[PDB]
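An overview of the molecular structure
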Amino acid sequence: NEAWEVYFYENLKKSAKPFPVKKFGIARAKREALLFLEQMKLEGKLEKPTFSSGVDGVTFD
Amino acid sequence: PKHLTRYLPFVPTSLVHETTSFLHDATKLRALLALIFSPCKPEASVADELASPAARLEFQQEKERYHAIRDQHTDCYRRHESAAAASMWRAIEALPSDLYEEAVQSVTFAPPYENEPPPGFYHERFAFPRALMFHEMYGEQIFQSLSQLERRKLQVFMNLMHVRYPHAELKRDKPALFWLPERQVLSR
Amino acid sequence: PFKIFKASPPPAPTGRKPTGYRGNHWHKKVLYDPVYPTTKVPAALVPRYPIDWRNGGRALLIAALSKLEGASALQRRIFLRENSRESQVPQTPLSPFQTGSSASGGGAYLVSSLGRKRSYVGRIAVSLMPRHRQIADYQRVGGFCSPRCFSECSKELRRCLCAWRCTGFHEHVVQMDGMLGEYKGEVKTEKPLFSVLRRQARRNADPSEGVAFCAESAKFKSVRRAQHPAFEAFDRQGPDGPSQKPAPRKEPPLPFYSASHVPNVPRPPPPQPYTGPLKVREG
Amino acid sequence: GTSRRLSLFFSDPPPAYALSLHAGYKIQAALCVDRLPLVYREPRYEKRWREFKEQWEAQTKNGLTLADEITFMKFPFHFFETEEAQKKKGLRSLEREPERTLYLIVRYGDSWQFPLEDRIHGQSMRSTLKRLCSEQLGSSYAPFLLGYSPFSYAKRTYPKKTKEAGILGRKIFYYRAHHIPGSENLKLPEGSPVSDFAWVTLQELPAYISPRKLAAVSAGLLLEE
Amino acid sequence: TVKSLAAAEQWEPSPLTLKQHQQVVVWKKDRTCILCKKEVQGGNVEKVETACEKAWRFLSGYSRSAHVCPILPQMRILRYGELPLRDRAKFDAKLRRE
Amino acid sequence: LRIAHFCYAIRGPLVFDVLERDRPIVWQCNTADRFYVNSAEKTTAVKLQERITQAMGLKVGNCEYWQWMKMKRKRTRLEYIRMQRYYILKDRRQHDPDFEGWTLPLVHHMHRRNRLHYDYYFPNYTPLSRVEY
Amino acid sequence: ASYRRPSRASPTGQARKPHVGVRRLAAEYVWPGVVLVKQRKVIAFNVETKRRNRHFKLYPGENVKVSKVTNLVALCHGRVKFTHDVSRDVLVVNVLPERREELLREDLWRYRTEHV
Amino acid sequence: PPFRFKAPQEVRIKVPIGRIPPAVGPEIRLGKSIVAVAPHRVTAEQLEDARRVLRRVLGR
RNA sequence: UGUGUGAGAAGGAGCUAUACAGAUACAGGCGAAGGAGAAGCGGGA
RNA sequence: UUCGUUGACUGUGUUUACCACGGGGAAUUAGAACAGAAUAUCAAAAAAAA
């Protein structure tokens, strides 16, 4: 695809956003991806979620 | 030259007299059928018994024993074939790039047939020696160990083989007889 | 050797159901296609020649020969064939039971059977050659030692000996000899295939080179002619870069104008998959 | 001629042809000629099973239905009749250990091993084999080959001194073959490097070659434990 | 036990090994044979030598016809040692051969 | 699936459960004896073996017993094998294969006709093993 | 002279046209039972030697079903998505299950045509 | 080597009257050459007469 | 987010209303594997 | 495997693809619910003197 993809979490689920070159440009794409990464950093969407049961042995698959 | 000729395989009717006569005979046909169906016992009624219950149990036991022993015997070998097989691929993949093409060929490798108009590594045509033949090299010893029934079956097998291939020699010596023009073939 | 104009016979008729004429049922598409389903051809509509001494007669003789040789030899050969193809590597011994000290004929076979839950009846059924292909394959390749002897023994009077007394070390011999005669190259077919493809040996990436002694320096020098590094690289790997100019013209020019700048079709087909020996990775 | 042996093993005497190298290692070829036993033997269980089945079949009247019209065909080969009617050089010889698998071995000077030969640049391995067979073994010697692919290979590196010549080492590719029954023995030519030859069993094999050499082909030979 | 090719060759299985090697047949469906008027239940096991007289023929290689036994498709041949402990202990009485 | 493999492969002191023929992938069928009692964590031994196998240059695809037993049927396993294989053999879009999406038939709320693996469907008759990701 | 009048000559002509093609664009809410793409089982001769686009059919993607006439229909409440295939050079329709809600301009990226 | 290539054959098929497309690029030929400047139709008889006149003028 | 669309007595060699209770529906299962050579049987499960 | 079967069943409901209407009928979903009778496939079997 020739695209800069950035991963992030949303609604307790993983996801990603692409940035094609053919839209922005050679140079612009990377800038936009890093700017979006900064916004996700500020919003706290990069933190991985977790699930706990409170009982030893019982887990989630 | 004729400039226009195309032959196709053909089997003359006169050369196949043995086979034809064997087949057309009803007495022989019946016998053949009988041989194919060894038991030939009725199998279409409840009041039928091939063997009593006591007879089958011994058969079962013997069979079981036989199998049990043979598996044990054979496993040892199997491991060896496995092991051996492991190495061949290793050596093949280790060869240079130019010699790879020759390392993926069969024993019976031959060039493609060329239909020329009318007037490397491959040196010799594949020809399996007769000497190497299992039967060839151990027939005399086995023959003497054959039983009455075994001999009988051997005889019958010989007979049937002969019947099936009467003109083997004929074909070998005069292959041209087994050929007819395409126009004659496609208008029989 | 014999030489004669073999010629080529006409293709056989396949036939079809008496339904559908305006459309084209011959599209050359993969079977079971979710978008381009393939029309079915019932077996009963395929034209067949009447049964005679030629078609049926010789099948009887072949079946009688197989009955005399015994179906157990055919089942053993089948078993062997099936087993040999899945145990190409050293394997830990496997037991048929959870406990005890028994053994098995083959580990790979055992595993396969246990997994697939292969019917016991179907194993026996096959050995009788119900179909015509099973009889033709027995006629061409029927010897016990066929893995070793090819079809050499296809016309041997004394062939039942092999099927009767060929157990033990002799058996092992066959297995040993066959592996060195099996094919290992690439396959080239068109028709549908439903089976696991045979193993294919990989090709190396390190070609050889020729050298010769030289007394002027008491050393071995390469026989190849010295050239520019660029040339050397070009010849070895290929053109440098993502793209290059087209190939030159070999043949003389055309005496008259020809519209050679037009493609074969308005819409070229999709690219075909790559088929061939694989590259060997450094160990 | 010791010159041929030295040109084979070491690189001091240059040859009269261009050698084929592979990553600094020269490609080589070998051969191993083996013979099948002469006397047939059968397992124990096999006999038992056979006997039992025969007996059972006979008893139960479940045997094959062999007609008199088929088993009594007048043919030249006919030898069949009813029993009722019947009443009216200690290591070079090829006949050593009939019930064993004999392997061929050659002696280079004072070392027992398999034949060896280098590969000419541009030539095939079968050609090399052919030449080997026709020059070292015998002029009329031509054993039956089992295939085109090898079964085993090894590596051999030269000391730190001879490495300055240009060749780092050697590359051997072992091959297997069979001896056609009824053929004559070997005939070493006058200008061959082999000094002697002998046929040995699996058991006695280790007593001639080094373990190093043994291991390289131990996984390709027949099992006779 | 065995530890070499010769020992393998001259191996002498014990009665326990033979019992483990004993063949058994398992049913699939709860069908009634139209021929013999014999009912069948799922999960049951029987001896091959007494499960069906007619099927044995085919199984052993004395019948070219596969249709000899209507309930033949409903058979599963296994070894005694392959069977679970539960099954063994349950149908132990029906598997004896004394 | 039309994939060539070897069962119980020997590579020295290590024994591999399933070894592929075409591609460098080893499928591990973990059992209950490979985990502690009343827990969901691997043991030191198996960890070490995993480490070694990775070092060797061979990809390892784990398969826990509780995940296999849940997929009672063959339809739920046929697509899972494909998915798993893909996830391992993929070269593009490298990331942690932990929080990945999963949707199999008869477990997740989905249409019955929503298939992934067509019955006897192969483009150009090319095996799954040979198919390039 | 002479002339044979074709059976399809005026006024006897085909009034209903084969409206074959896509029926739902990208970012279009759909529900089960709606036909996404219409197709025909009839195939002409020499398909590989034509310029027209209607002679080529699309393959199913995600949450789609194939009908009797090879029509692609949806199977869940969602939006239509298109995708290209490199291995085959054929488009594939995909449906993403989504609930009924306002479509924001910042979520348009989710429905982009990608290559697989 | 030199060859005497056979000329094409007339197509006995009815075709539209569509326009004449333009040229792709200049055609370069060694030696003397005669070219047109504008598009138009030319008949086989016209071409044959031109060939006969050219052959008669140039010689054998 | 880029597709549908053959009007004029225009061209072409369009054209057939038909099959199946099943080796033509059909669960599960199986299913075609280069070249050379043997056979002269238009045979995949 | 030369393997099974008749589901090509019987009822309740007025929501949906296209749209002059007609024939939802060049031929669309589990209207994923409810009331009967049939056929096919099960699942599990770990730990081998350290």
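Scoring rules and cut-offs
Sequence-order numbering is used: residues on each chain count from 1 as written, possibly diverging from the entry numbering, and only residues with coordinates are shown. The lettering of chains begins at A and the numbering of ligands begins at 1, in the order of writing. Scope of values: the displayed chains only, which are part of a larger assembly. Note: side-chain values were computed over all heavy atoms of the structure, leaving out hydrogens and water. Residues with missing side-chain atoms are left out of burial classes, side-chain pairs and their counts. A run of DSSP states H or I qualifies as a helix once it reaches four residues; a run of E qualifies as a strand once it reaches two. Both are numbered from the N-terminal end. Radius of gyration: C-alpha atoms only; globule rule: 2.2 Å multiplied by the number of residues to the exponent 0.38. Here the term buried applies to any residue with accessible area under 20% of the maximum for its type, exposed to any over 50%, and partly exposed to those in between, with areas from a 1.4 Å probe on protein chains only. Strands pair, by our definition, only if DSSP identifies at least two bridges between them. Pairs of residues are marked as contacts when any of their non-hydrogen atoms sit within 4.5 Å. In this count, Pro and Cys sit with the nonpolar residues alongside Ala, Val, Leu, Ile, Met, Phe, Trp and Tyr, while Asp, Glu, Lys and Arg are called charged and the others, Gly among them, polar. We call a residue near a molecule or strand when any one of its heavy atoms sits within 4 Å of it. Two N or O atoms count as a polar contact when they lie within 3.5 Å, although within protein this holds only if one can serve as hydrogen donor and the other as acceptor, and sequence-adjacent residues are included solely when both atoms are side-chain atoms. Joining two parts hides part of their accessible area as seen by a 1.4 Å probe, and the buried area is that hidden amount summed over both. In what follows, salt bridge is the name for a side-chain nitrogen of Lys or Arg lying within 4 Å of a carboxyl oxygen of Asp or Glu. Interaxial angles span 0 to 180 degrees and are taken between N-to-C directions of axes, which are lines fitted to C-alpha atoms, for helices over the stretch in contact. Expected helix span is computed as 1.5 Å times (number of residues minus one). Residues form patches when they are more than 30% accessible in relative terms and have no salt bridge. Like charges link within 9 Å. Nonpolar side chains (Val, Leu, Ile, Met, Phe, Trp, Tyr) link within 5 Å. For the area figures, the Shrake-Rupley method with a 1.4 Å probe applies, and any residue is considered shielded solely by the protein chains shown. Neither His nor the chain termini are counted; the positive set is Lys and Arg, and the negative set is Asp and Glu. To locate a charge, take atom NZ for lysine, CZ for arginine, CG for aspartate or CD for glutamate. Of the grid points, spaced at 1 Å and generated over the protein atoms alone, those admitting a 1.4 Å probe that cannot get out make up cavities, while open sets with protein on both sides within 12 Å along at least five of seven lines make up pockets; any residue with an atom within 4 Å of a point is treated as lining. Grid points are joined across faces, edges and corners, and a volume is the space filled by probe spheres set on the points.

For this deposition, the record names cryo-EM as the technique by which the model was determined and cites 2.89 Å as its resolution.

The next point concerns the overall build of chain D. When helices and strands are counted, chain D shows 5 helices and 11 strands. The C-alpha atoms of chain D give 26 Å as radius of gyration, which overshoots the globular expectation for 225 residues (17 Å, by more than 25%). If one aligns the C-alpha atoms of chain D with their principal axes, the spans along those axes are about 85 × 35 × 35 Å.

The next subject is the pairing of strand β2 (residues 15–20) of chain F. Remark: a regular strand shows side chains that alternate across the two faces of the sheet. Residue and element names in this part refer to chain F. Of all 6 residues making up β2, 5 are buried, and the element is well covered by its neighbours. Across 5 bridges, the pairing between strand β1 (residues 5–10) and β2 is antiparallel. Within β2, the residue paired with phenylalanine 6 across the bridge is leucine 19. Between β1 and β2, which pair antiparallel one after the other, the connecting turn spans 4 residues, and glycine 12 there sits at a positive phi close to 100°. Here β2 runs beside strand β3 (residues 25–29); their pairing, made up of 2 bridges, is antiparallel.

Here the focus is the interface of chain B and chain C. Opposite the 83 residues of chain B that make contact, chain C presents 75 residues. If you list the elements that add at least two residues to the side of chain B that touches chain C, you get β1 (7–9), α1 (17–24), α2 (26–36), α3 (53–93), α4 (134–145) and α5 (148–164) of chain B. If one sorts the elements of the side of chain B that touches chain C by residue count, α3(B) sits on top with 18 residues. Of the residues belonging to the side of chain B that touches chain C, the class tally is 49 nonpolar, 17 polar and 17 charged.

The subject of this paragraph is the protein's contact with RNA strand J. Lining the immediate environment of RNA strand J, one finds 38 residues, of which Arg123(C), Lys29(E), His111(F), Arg16(G) and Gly33(G) sit closest. Backbone atoms, meaning sugar and phosphate, form 69% of the atoms of RNA strand J found within 4 Å of the protein. Here a sugar or linking oxygen of RNA strand J sits 3.1 Å away from a polar atom, N or O, in the side chain of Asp33(F). Where the surface near RNA strand J is concerned, the elements lending two or more residues are α4 (120–126) of chain C together with β3 (35–38) of chain G. The element that contributes the greatest number of residues to the surface near RNA strand J is α4(C), accounting for 3 residues. Here the surface near RNA strand J is built from residues that sort into 12 nonpolar, 10 polar and 16 charged.

It is worth spelling out the interface of chain A and chain G at this point. Across the boundary between the two partners, chain A contributes 7 residues, which contact 5 residues of chain G. Counting each side, the surface lost to burial between chain A and chain G is near 590 Å², with a carbon and sulfur contribution of 40%. Of all residues in chain A, the largest losses of buried area upon contact with chain G belong to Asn1(A), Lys17(A) and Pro18(A), amounting jointly to 56% of the total for that side. Here chain A and chain G share 1 salt bridge between them. Salt-bridge contacts for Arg110(G) lead to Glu10(A); the nearest nitrogen and oxygen are separated by 2.9 Å.

Among the 12 pairs of chains that make contact, the interface with the largest number of contacts is formed by chains B and C. The least C-alpha distance between chain A and chain E, which are not in contact, is 29 Å. Between chain F and chain H there is no contact, and the shortest C-alpha to C-alpha distance separating them is 39 Å.

Residues and elements named next belong to chain C. By the secondary structure assignment, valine 174 is in helix α8 (residues 169–178). Taking the relative accessible area as the measure of exposure, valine 174 reaches 8% and is therefore buried. Taking the C-alpha atoms as reference points, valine 174 and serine 217, separated by 43 residues in sequence, lie 54 Å from one another. When sequence neighbours within four positions are dropped, the list of residues in contact with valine 174 reads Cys145, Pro147 and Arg148.

Residue and element names in this part refer to chain E. With respect to topology, 3 strands assemble into an open sheet ordered β2-β1-β3, the strand pairing being antiparallel. If you trace the sheet from one side to the other, it starts and ends with β2 (45–47) and β3 (75–79), each paired once. Taking the axes of each pair of neighbouring strands and ignoring which way they run, one obtains an average angle of 35° across the sheet.

This next bit is on the pattern of salt bridges. As enumerated under the stated definition, the model contains 55 salt bridges over all chains in all. Its salt-bridge partner being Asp49(H), residue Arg52(H) comes within 3.2 Å of it at the nearest N-O pair. Taken as a pair, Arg52(H) and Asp49(H) lie in helix α1 (residues 44–58) at a separation of 3 residues, close to a single helical turn. Judged by relative accessible area, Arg52(H) falls into the exposed class, the value being 51%. Given a relative accessible area of 38%, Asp49(H) falls into the partly exposed group. Through salt bridges with shared partners, a single network forms among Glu5(A), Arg93(F), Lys81(G) and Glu114(G).

Take helix α3 (residues 74–89) of chain F next. Residues separated by three or four positions in an α-helix point in the same direction, a consequence of the helix having 3.6 residues per turn. All names here are of chain F. With 16 residues, α3 should reach 22 Å at 1.5 Å per residue; the first-to-last C-alpha distance of 22 Å fits that figure. Of all the residues in α3, the buried ones are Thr76, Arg77, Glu79, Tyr80, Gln84, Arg85, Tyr87 and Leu89. Check the buried side of α3 and you find it contacts β2, β3, β4 (59–63) and α2 (65–70).

Right, let's talk about a positive patch on the surface for a bit. There is a patch of like positive charges on the surface, built from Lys117(C), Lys28(E), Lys29(E), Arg31(E), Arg76(E) and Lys74(F). Here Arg31(E) is to be found in the loop between β1 (23–27) and β2.

Approximately 110 Å³ is the volume found for the largest cavity. As for the largest cavity, its lining consists of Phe134(B), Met137(B), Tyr138(B), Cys145(C), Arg148(C), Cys166(C), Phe169(C), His170(C), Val173(C), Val174(C), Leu36(D) and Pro37(D). Among the secondary structure elements, those contributing two or more residues to the lining of the largest cavity are α4 of chain B together with α8 of chain C. Classifying every residue of the lining of the largest cavity by side-chain character gives 10 nonpolar, 1 polar and 1 charged. Taken as a whole, the second largest cavity holds about 100 Å³ of empty space. Lining the second largest cavity are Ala84(B), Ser87(B), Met88(B), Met176(C), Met179(C), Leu180(C), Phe151(D), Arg176(D), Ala219(D) and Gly220(D). Here the residues of the lining of the second largest cavity sort into 7 nonpolar, 2 polar and 1 charged.

Close contacts around RNA strand I come from 63 residues, with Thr108(B), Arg22(C), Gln139(C), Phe194(C) and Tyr3(G) the closest. Protein-adjacent atoms of RNA strand I, using a 4 Å cutoff, are sugar or phosphate at a proportion of 52%. The side chain of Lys17(G) places a nitrogen or oxygen atom 2.7 Å from a phosphate oxygen of RNA strand I. Listing elements by their share of the surface near RNA strand I, those giving two or more residues are α1 (53–69) and α5 (132–140) of chain C. The leading source of residues in the surface near RNA strand I is α5(C), at 4 residues.

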